[PDB]
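For reference, the structure is listed below as structure tokens.
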Amino acid sequence: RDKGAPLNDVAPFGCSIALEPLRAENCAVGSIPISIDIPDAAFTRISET
Amino acid sequence: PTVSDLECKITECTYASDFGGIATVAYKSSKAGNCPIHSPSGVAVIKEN
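Chains A and I are the protein sequences, given in the same order.
All you need for the entry's author numbering is the position in the first sequence, starting with 1, plus 245.
All you need for the entry's author numbering is the position in the second sequence, starting with 1, plus 2294.
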């Protein structure tokens, strides 16, 4: 009752919190260099579209 | 069929070995039927005779 406020109410760059694995969910900040290897079967050949 | 007054264009040319290069051809025939094809230049090798 003379504490400070919670990090899910004072954090920056947009986070939420849990007493669970101690995650800080959904922190929207910056970029992520993401790269995928699609299954070639999922491709449609060009001569059909 | 005489096919002239046509048009040809690649649509997805694959700079490659397997027959990845494709090209639509705006065929402008007189009769209707078969039409043998070939590139007299050796640049292009075609899967369809």
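Virtual Cβ for every residue (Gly too), placed ideally from N, Cα, C.
Residues of chain I with CB under 9 Å from residue i, in chain order?
i                      : result
residue 291 of chain A : 2305, 2306, 2308, 2314 and 2316
Are the beta-carbon atoms of residue i and residue j separated by less than 9 Å?
i                       : j                       : result
residue 291 of chain A  : residue 2306 of chain I : yes
residue 267 of chain A  : residue 260 of chain A  : no
residue 2323 of chain I : residue 2339 of chain I : no
residue 2315 of chain I : residue 2304 of chain I : yes
residue 2295 of chain I : residue 2317 of chain I : no
residue 269 of chain A  : residue 250 of chain A  : no
Under the DSSP definition of a beta bridge, which residues are partnered with residue i?
i                      : result
residue 262 of chain A : A:269
Examine chain D for any beta-carbon lying closer than 9 Å to the beta-carbon of residue i, and answer yes or no.
i                      : result
residue 265 of chain A : Annotation note: the requested chain D is absent from the structure, which comprises protein chains A and I.
Which runs of the beta strand (DSSP E), 3 residues or longer, sit entirely within the segment 2299 to 2340 of chain I? With a minimum length of 3 residues, the continuous beta strand (DSSP E) runs that stay inside the segment 2299 to 2340 of chain I are 2301 to 2306 and 2316 to 2320.
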